[PDB]
$ cat target.cif   # mmCIF, C-alpha atoms
data_entry
loop_
_atom_site.group_PDB
_atom_site.id
_atom_site.type_symbol
_atom_site.label_atom_id
_atom_site.label_comp_id
_atom_site.auth_asym_id
_atom_site.auth_seq_id
_atom_site.Cartn_x
_atom_site.Cartn_y
_atom_site.Cartn_z
ATOM 1 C CA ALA A 324 0.000 0.000 0.000
ATOM 2 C CA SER A 325 1.107 3.576 -0.686
ATOM 3 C CA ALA A 326 -0.476 6.912 0.020
ATOM 4 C CA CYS A 327 -0.387 10.589 -0.848
ATOM 5 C CA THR A 328 -2.890 13.260 0.201
ATOM 6 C CA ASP A 329 -6.432 11.844 -0.216
ATOM 7 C CA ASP A 330 -5.029 8.911 -2.247
ATOM 8 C CA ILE A 331 -4.331 5.388 -0.936
ATOM 9 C CA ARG A 332 -3.464 2.723 -3.513
ATOM 10 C CA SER A 333 -2.557 -0.958 -3.379
ATOM 11 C CA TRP A 334 -0.010 -2.545 -5.729
ATOM 12 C CA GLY A 335 0.895 -6.111 -6.619
ATOM 13 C CA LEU A 336 4.655 -6.457 -6.231
ATOM 14 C CA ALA A 337 5.125 -9.453 -8.556
ATOM 15 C CA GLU A 338 4.331 -7.236 -11.546
ATOM 16 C CA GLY A 339 3.824 -3.678 -10.255
ATOM 17 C CA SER A 340 0.125 -3.645 -11.093
ATOM 18 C CA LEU A 341 -2.468 -1.392 -9.516
ATOM 19 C CA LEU A 342 -4.710 -3.590 -7.363
ATOM 20 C CA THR A 343 -7.167 -1.226 -5.665
ATOM 21 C CA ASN A 344 -7.967 2.451 -5.217
ATOM 22 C CA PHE A 345 -9.108 3.082 -1.657
ATOM 23 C CA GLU A 346 -11.983 5.337 -0.595
ATOM 24 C CA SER A 347 -9.459 7.825 0.833
ATOM 25 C CA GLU A 348 -11.270 10.931 -0.508
ATOM 26 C CA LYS A 349 -11.086 14.048 1.729
ATOM 27 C CA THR A 350 -8.830 12.320 4.286
ATOM 28 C CA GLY A 351 -6.034 14.838 3.560
ATOM 29 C CA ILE A 352 -2.324 14.263 4.092
ATOM 30 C CA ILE A 353 -1.658 10.686 5.189
ATOM 31 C CA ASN A 354 1.443 10.349 7.349
ATOM 32 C CA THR A 355 1.452 6.608 8.005
ATOM 33 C CA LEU A 356 0.078 3.298 6.750
ATOM 34 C CA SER A 357 -0.148 -0.059 8.511
ATOM 35 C CA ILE A 358 -1.641 -3.403 7.481
ATOM 36 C CA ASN A 359 -2.462 -6.286 9.815
ATOM 37 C CA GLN A 360 -2.922 -9.956 8.949
ATOM 38 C CA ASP A 361 -6.731 -9.575 9.115
ATOM 39 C CA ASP A 362 -6.609 -7.277 6.027
ATOM 40 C CA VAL A 363 -7.254 -4.113 8.041
ATOM 41 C CA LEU A 364 -5.446 -1.128 6.542
ATOM 42 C CA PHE A 365 -4.888 1.831 8.851
ATOM 43 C CA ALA A 366 -4.186 5.326 7.520
ATOM 44 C CA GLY A 367 -3.112 8.026 9.950
ATOM 45 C CA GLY A 368 -4.070 11.495 8.801
ATOM 46 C CA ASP A 369 -2.016 14.593 9.429
ATOM 47 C CA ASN A 370 -5.376 16.125 10.397
ATOM 48 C CA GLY A 371 -5.548 13.626 13.273
ATOM 49 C CA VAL A 372 -8.195 11.301 11.799
ATOM 50 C CA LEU A 373 -7.731 7.519 12.021
ATOM 51 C CA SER A 374 -9.037 5.796 8.891
ATOM 52 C CA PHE A 375 -9.614 2.034 8.834
ATOM 53 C CA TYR A 376 -10.185 0.252 5.507
ATOM 54 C CA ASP A 377 -10.790 -3.253 4.208
ATOM 55 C CA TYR A 378 -7.601 -3.952 2.244
ATOM 56 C CA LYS A 379 -9.119 -6.119 -0.493
ATOM 57 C CA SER A 380 -12.033 -3.844 -1.391
ATOM 58 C CA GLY A 381 -10.453 -0.514 -0.461
ATOM 59 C CA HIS A 382 -13.622 0.291 1.492
ATOM 60 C CA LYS A 383 -13.277 2.818 4.307
ATOM 61 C CA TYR A 384 -15.160 1.174 7.145
ATOM 62 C CA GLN A 385 -14.271 3.494 10.039
ATOM 63 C CA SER A 386 -13.323 7.132 10.687
ATOM 64 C CA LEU A 387 -12.178 8.101 14.199
ATOM 65 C CA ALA A 388 -10.708 11.476 15.198
ATOM 66 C CA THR A 389 -7.933 11.399 17.815
ATOM 67 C CA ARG A 390 -8.021 13.752 20.806
ATOM 68 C CA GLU A 391 -4.940 15.844 21.556
ATOM 69 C CA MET A 392 -3.572 16.045 25.095
ATOM 70 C CA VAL A 393 -4.634 19.014 27.219
ATOM 71 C CA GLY A 394 -2.826 22.211 26.273
ATOM 72 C CA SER A 395 -2.076 21.141 22.702
ATOM 73 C CA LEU A 396 -2.611 23.307 19.650
ATOM 74 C CA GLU A 397 -5.128 22.188 17.056
ATOM 75 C CA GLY A 398 -2.235 21.428 14.706
ATOM 76 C CA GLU A 399 -0.839 18.944 17.225
ATOM 77 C CA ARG A 400 -3.868 16.675 16.618
ATOM 78 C CA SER A 401 -1.878 14.743 14.028
ATOM 79 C CA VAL A 402 -0.924 11.088 13.630
ATOM 80 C CA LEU A 403 2.741 10.807 12.747
ATOM 81 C CA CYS A 404 3.542 7.104 12.933
ATOM 82 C CA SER A 405 1.886 3.743 13.438
ATOM 83 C CA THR A 406 2.407 -0.001 13.602
ATOM 84 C CA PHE A 407 0.235 -2.959 14.439
ATOM 85 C CA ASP A 408 1.466 -5.296 17.125
ATOM 86 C CA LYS A 409 2.591 -8.767 16.048
ATOM 87 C CA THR A 410 -0.951 -10.128 16.479
ATOM 88 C CA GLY A 411 -2.542 -7.241 14.579
ATOM 89 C CA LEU A 412 -5.065 -6.709 17.406
ATOM 90 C CA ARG A 413 -3.400 -3.549 18.780
ATOM 91 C CA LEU A 414 -2.505 -0.437 16.808
ATOM 92 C CA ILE A 415 0.270 1.788 18.166
ATOM 93 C CA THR A 416 0.332 5.409 17.019
ATOM 94 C CA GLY A 417 2.760 8.219 17.764
ATOM 95 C CA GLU A 418 1.398 11.747 17.527
ATOM 96 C CA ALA A 419 2.428 15.408 17.363
ATOM 97 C CA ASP A 420 1.020 15.955 20.870
ATOM 98 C CA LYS A 421 4.056 13.893 22.060
ATOM 99 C CA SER A 422 1.854 10.990 23.146
ATOM 100 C CA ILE A 423 1.634 7.338 22.153
ATOM 101 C CA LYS A 424 -1.884 5.957 21.710
ATOM 102 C CA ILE A 425 -2.914 2.298 21.745
ATOM 103 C CA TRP A 426 -6.043 1.303 19.824
ATOM 104 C CA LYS A 427 -7.853 -2.034 19.945
ATOM 105 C CA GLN A 428 -10.875 -3.605 18.284
ATOM 106 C CA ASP A 429 -14.175 -3.791 20.149
ATOM 107 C CA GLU A 430 -14.820 -7.400 21.195
ATOM 108 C CA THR A 431 -18.560 -6.797 21.774
ATOM 109 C CA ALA A 432 -19.067 -5.911 18.092
ATOM 110 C CA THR A 433 -20.539 -8.158 15.401
ATOM 111 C CA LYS A 434 -21.318 -7.839 11.697
ATOM 112 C CA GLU A 435 -24.878 -6.827 12.605
ATOM 113 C CA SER A 436 -24.271 -4.744 15.749
ATOM 114 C CA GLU A 437 -21.430 -2.571 14.329
ATOM 115 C CA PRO A 438 -21.857 -2.569 10.532
ATOM 116 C CA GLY A 439 -19.455 0.336 10.022
ATOM 117 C CA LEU A 440 -19.665 2.731 7.096
ATOM 118 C CA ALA A 441 -21.939 1.514 4.310
ATOM 119 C CA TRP A 442 -20.518 0.107 1.077
ATOM 120 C CA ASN A 443 -21.573 2.866 -1.323
ATOM 121 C CA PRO A 444 -18.892 3.442 -3.975
ATOM 122 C CA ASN A 445 -19.045 7.075 -5.076
ATOM 123 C CA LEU A 446 -19.354 7.102 -8.881
ATOM 124 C CA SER A 447 -18.563 10.840 -8.950
ATOM 125 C CA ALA A 448 -14.883 10.122 -8.292
ATOM 126 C CA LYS A 449 -13.526 8.408 -11.404
ATOM 127 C CA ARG A 450 -11.082 6.147 -9.507
ATOM 128 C CA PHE A 451 -12.784 2.941 -10.648
ATOM 129 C CA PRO B 100 5.188 26.445 -20.181
ATOM 130 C CA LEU B 101 8.535 24.786 -20.952
ATOM 131 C CA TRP B 102 6.894 22.097 -23.115
ATOM 132 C CA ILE B 103 4.751 24.685 -24.917
ATOM 133 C CA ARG B 104 7.704 27.019 -25.513
ATOM 134 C CA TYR B 105 9.761 24.142 -26.916
ATOM 135 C CA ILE B 106 6.962 23.021 -29.254
ATOM 136 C CA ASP B 107 6.415 26.617 -30.409
ATOM 137 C CA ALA B 108 10.142 27.073 -31.006
ATOM 138 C CA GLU B 109 10.046 23.977 -33.168
ATOM 139 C CA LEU B 110 6.990 25.132 -35.151
ATOM 140 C CA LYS B 111 8.266 28.693 -35.650
ATOM 141 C CA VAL B 112 11.242 27.317 -37.593
ATOM 142 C CA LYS B 113 8.872 25.056 -39.628
ATOM 143 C CA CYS B 114 10.353 21.866 -38.099
ATOM 144 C CA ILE B 115 6.936 20.210 -38.102
ATOM 145 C CA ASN B 116 8.275 16.675 -37.661
ATOM 146 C CA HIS B 117 10.428 17.621 -34.672
ATOM 147 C CA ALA B 118 7.367 19.374 -33.272
ATOM 148 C CA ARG B 119 5.289 16.240 -33.879
ATOM 149 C CA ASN B 120 7.810 13.985 -32.153
ATOM 150 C CA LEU B 121 7.852 16.452 -29.262
ATOM 151 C CA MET B 122 4.058 16.756 -28.992
ATOM 152 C CA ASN B 123 3.800 12.968 -28.974
ATOM 153 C CA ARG B 124 6.334 12.852 -26.146
ATOM 154 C CA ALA B 125 4.366 15.518 -24.267
ATOM 155 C CA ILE B 126 1.053 13.657 -24.421
ATOM 156 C CA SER B 127 2.840 10.390 -23.598
ATOM 157 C CA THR B 128 4.474 11.965 -20.540
ATOM 158 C CA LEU B 129 1.528 14.018 -19.226
ATOM 159 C CA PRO B 130 -1.607 12.481 -20.785
ATOM 160 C CA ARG B 131 -3.871 14.128 -18.208
ATOM 161 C CA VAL B 132 -2.836 17.680 -19.155
ATOM 162 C CA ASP B 133 -5.514 18.801 -21.626
ATOM 163 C CA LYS B 134 -3.333 21.696 -22.826
ATOM 164 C CA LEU B 135 -0.931 19.248 -24.495
ATOM 165 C CA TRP B 136 -3.706 17.383 -26.317
ATOM 166 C CA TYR B 137 -5.261 20.655 -27.482
ATOM 167 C CA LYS B 138 -1.831 21.798 -28.687
ATOM 168 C CA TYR B 139 -1.331 18.671 -30.771
ATOM 169 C CA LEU B 140 -4.918 18.866 -32.072
ATOM 170 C CA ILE B 141 -4.721 22.526 -33.084
ATOM 171 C CA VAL B 142 -1.361 21.983 -34.775
ATOM 172 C CA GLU B 143 -2.605 19.115 -36.917
ATOM 173 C CA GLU B 144 -5.868 20.918 -37.682
ATOM 174 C CA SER B 145 -3.903 23.964 -38.862
ATOM 175 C CA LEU B 146 -2.145 21.666 -41.338
ATOM 176 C CA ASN B 147 -5.505 20.277 -42.555
ATOM 177 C CA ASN B 148 -4.507 16.805 -41.316
ATOM 178 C CA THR C 31 -3.152 3.836 -36.548
ATOM 179 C CA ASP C 32 -1.892 3.290 -33.001
ATOM 180 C CA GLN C 33 1.231 5.476 -32.994
ATOM 181 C CA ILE C 34 -0.267 8.226 -30.803
ATOM 182 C CA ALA C 35 0.693 7.950 -27.105
ATOM 183 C CA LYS C 36 1.578 4.281 -27.622
ATOM 184 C CA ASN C 37 2.839 3.927 -24.022
ATOM 185 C CA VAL C 38 -0.425 5.201 -22.477
ATOM 186 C CA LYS C 39 -3.044 2.483 -22.040
ATOM 187 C CA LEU C 40 -6.411 2.631 -20.289
ATOM 188 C CA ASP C 41 -5.710 -0.627 -18.428
ATOM 189 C CA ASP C 42 -2.770 1.007 -16.643
ATOM 190 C CA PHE C 43 -5.241 3.256 -14.795
ATOM 191 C CA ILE C 44 -7.837 0.593 -13.914
ATOM 192 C CA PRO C 45 -7.379 -1.125 -10.503
ATOM 193 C CA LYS C 46 -7.251 -4.863 -11.268
ATOM 194 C CA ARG C 47 -8.792 -5.947 -7.945
ATOM 195 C CA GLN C 48 -12.028 -3.942 -8.293
ATOM 196 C CA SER C 49 -13.497 -6.598 -10.628
ATOM 197 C CA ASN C 50 -12.728 -9.336 -8.068
ATOM 198 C CA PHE C 51 -11.793 -8.540 -4.460
ATOM 199 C CA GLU C 52 -10.689 -12.104 -3.736
ATOM 200 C CA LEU C 53 -8.000 -12.000 -6.466
ATOM 201 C CA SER C 54 -4.986 -14.009 -5.305
ATOM 202 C CA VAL C 55 -1.672 -12.190 -4.783
#
$ encode --input "target.cif" --output "structure tokens"
Amino acid sequence: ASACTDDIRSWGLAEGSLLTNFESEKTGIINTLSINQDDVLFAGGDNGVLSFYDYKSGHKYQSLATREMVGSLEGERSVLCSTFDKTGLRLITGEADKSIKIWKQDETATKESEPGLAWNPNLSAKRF
Amino acid sequence: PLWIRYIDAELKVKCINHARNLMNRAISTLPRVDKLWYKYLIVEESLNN
Amino acid sequence: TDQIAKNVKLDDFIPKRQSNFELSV
């Protein structure tokens, strides 16, 4: 996976072929990408928004804004680095507010109780 | 502007084939820049091609 | 003829996995 502002793409390395265009529209500058073994792709925005996508479809299933530590400037609400733990169940992020944040998936969730963002590919953007 | 200036320099001295080779390179390099396609189109239309 | 912008092909822009998410890599 590779990303530039508002643009996350997936590439097959065996031949350098474009695999999928993610639904990264309006997410702004992306500072970091991480992929776990469950096909979750995480994109950390410079605007401080955590974007979670399904790697195979490129579907953005969750958007979650980080909260900067007390006394921080609005510009400090920015994700700078990330990595999943070895099991892929914990996401570690380093931010401009000088803190490290640990994220984990909700175990009470299910396909029906937490559907996430709807699959609704925007035809207006010609990235298909 | 550099591409356009180069193409114009080529056309002003009537080197139409150098200009063609250059316009083909321009659209092959930056196919999403409409200005380059319109330049090639207007050049060939001026020559009744 | 096919001499114009020979190196530019529509398929280079199309994401191969959109037609089949489960494509094997």
$ interface_residues --input "target.cif" --of "chain A" --to "chain C" --cutoff "8 Å" --atoms "all atoms listed in the file" --output "PyMOL selection string"
chain A and resi 335+340-344+379-380+450-451
$ write_last_selection --input "target.cif" --atoms "C-alpha atoms" --output "PDB file, keeping the file's coordinate frame"
ATOM      1  CA  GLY A 335       0.895  -6.111  -6.619  1.00  0.00           C
ATOM      2  CA  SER A 340       0.125  -3.645 -11.093  1.00  0.00           C
ATOM      3  CA  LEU A 341      -2.468  -1.392  -9.516  1.00  0.00           C
ATOM      4  CA  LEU A 342      -4.710  -3.590  -7.363  1.00  0.00           C
ATOM      5  CA  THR A 343      -7.167  -1.226  -5.665  1.00  0.00           C
ATOM      6  CA  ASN A 344      -7.967   2.451  -5.217  1.00  0.00           C
ATOM      7  CA  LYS A 379      -9.119  -6.119  -0.493  1.00  0.00           C
ATOM      8  CA  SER A 380     -12.033  -3.844  -1.391  1.00  0.00           C
ATOM      9  CA  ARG A 450     -11.082   6.147  -9.507  1.00  0.00           C
ATOM     10  CA  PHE A 451     -12.784   2.941 -10.648  1.00  0.00           C
TER      11      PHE A 451
END
$ residues_near_point --input "target.cif" --point "(10.0, 18.6, -35.7)" --cutoff "12 Å" --atoms "all atoms listed in the file" --output "PyMOL selection string"
chain B and resi 105-124+142
$ residues_around --input "target.cif" --residues "segment 409-412 of chain A" --least-positions-apart "3" --cutoff "9 Å" --atoms "all atoms listed in the file" --output "PyMOL selection string"
chain A and resi 358-361+363+406+426-428
$ resolve_selection --input "target.cif" --expression "the PyMOL selection byres ((chain B) within 9 of (chain C))" --output "tab-separated table (two decimals) with C-alpha atoms, in the frame of the given file"
chain	number	residue	atom	x	y	z
B	123	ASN	CA	3.80	12.97	-28.97
B	124	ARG	CA	6.33	12.85	-26.15
B	125	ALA	CA	4.37	15.52	-24.27
B	126	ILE	CA	1.05	13.66	-24.42
B	127	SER	CA	2.84	10.39	-23.60
B	128	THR	CA	4.47	11.96	-20.54
B	130	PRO	CA	-1.61	12.48	-20.78
$ residues_around --input "target.cif" --residues "residue 132 of chain B" --least-positions-apart "6" --cutoff "12 Å" --atoms "all atoms listed in the file" --output "VMD selection string"
chain B and resid 100 102 to 103 125 to 126 138 to 139
$ closest_residue --input "target.cif" --among "A:330, A:362, A:420, A:408" --to "residue 347 of chain A" --atoms "only C-alpha atoms"
A:330
$ build_atoms --input "target.cif" --residues "segment 35-50 of chain C" --atoms "N, CA, C and O atoms" --output "compact mmCIF listing (two decimals), in the frame of the given file"
# COMPACT_ATOMS: atom_id res chain seq x y z
N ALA C 35 0.58 8.28 -28.53
CA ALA C 35 0.69 7.95 -27.10
C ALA C 35 0.69 6.44 -26.85
O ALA C 35 0.00 5.94 -25.97
N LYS C 36 1.48 5.74 -27.66
CA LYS C 36 1.58 4.28 -27.62
C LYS C 36 1.77 3.72 -26.21
O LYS C 36 1.19 2.68 -25.87
N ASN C 37 2.56 4.39 -25.38
CA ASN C 37 2.84 3.93 -24.02
C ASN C 37 1.70 4.15 -23.04
O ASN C 37 1.76 3.61 -21.93
N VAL C 38 0.68 4.93 -23.38
CA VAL C 38 -0.42 5.20 -22.48
C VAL C 38 -1.57 4.27 -22.83
O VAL C 38 -2.08 4.29 -23.96
N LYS C 39 -1.98 3.46 -21.86
CA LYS C 39 -3.04 2.48 -22.04
C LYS C 39 -4.06 2.62 -20.92
O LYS C 39 -3.68 2.83 -19.76
N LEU C 40 -5.34 2.52 -21.27
CA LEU C 40 -6.41 2.63 -20.29
C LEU C 40 -6.26 1.64 -19.15
O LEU C 40 -6.50 1.98 -17.98
N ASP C 41 -5.86 0.40 -19.45
CA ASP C 41 -5.71 -0.63 -18.43
C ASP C 41 -4.68 -0.28 -17.37
O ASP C 41 -4.72 -0.85 -16.27
N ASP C 42 -3.74 0.63 -17.66
CA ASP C 42 -2.77 1.01 -16.64
C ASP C 42 -3.42 1.79 -15.51
O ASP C 42 -2.93 1.78 -14.39
N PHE C 43 -4.53 2.47 -15.80
CA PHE C 43 -5.24 3.26 -14.80
C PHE C 43 -6.27 2.46 -14.01
O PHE C 43 -6.65 2.89 -12.92
N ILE C 44 -6.75 1.35 -14.54
CA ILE C 44 -7.84 0.59 -13.91
C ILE C 44 -7.28 -0.31 -12.82
O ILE C 44 -6.39 -1.12 -13.09
N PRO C 45 -7.81 -0.22 -11.58
CA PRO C 45 -7.38 -1.12 -10.50
C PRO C 45 -7.88 -2.54 -10.73
O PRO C 45 -9.09 -2.79 -10.74
N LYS C 46 -6.94 -3.47 -10.94
CA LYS C 46 -7.25 -4.86 -11.27
C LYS C 46 -8.14 -5.57 -10.25
O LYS C 46 -8.92 -6.45 -10.63
N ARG C 47 -8.04 -5.24 -8.97
CA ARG C 47 -8.79 -5.95 -7.94
C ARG C 47 -10.24 -5.49 -7.80
O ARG C 47 -11.00 -6.15 -7.09
N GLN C 48 -10.65 -4.40 -8.45
CA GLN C 48 -12.03 -3.94 -8.29
C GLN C 48 -13.03 -4.91 -8.92
O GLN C 48 -14.16 -5.02 -8.45
N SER C 49 -12.63 -5.62 -9.98
CA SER C 49 -13.50 -6.60 -10.63
C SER C 49 -13.63 -7.89 -9.83
O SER C 49 -14.52 -8.69 -10.13
N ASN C 50 -12.76 -8.11 -8.85
CA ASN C 50 -12.73 -9.34 -8.07
C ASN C 50 -11.89 -9.12 -6.82
O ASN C 50 -10.66 -9.22 -6.88
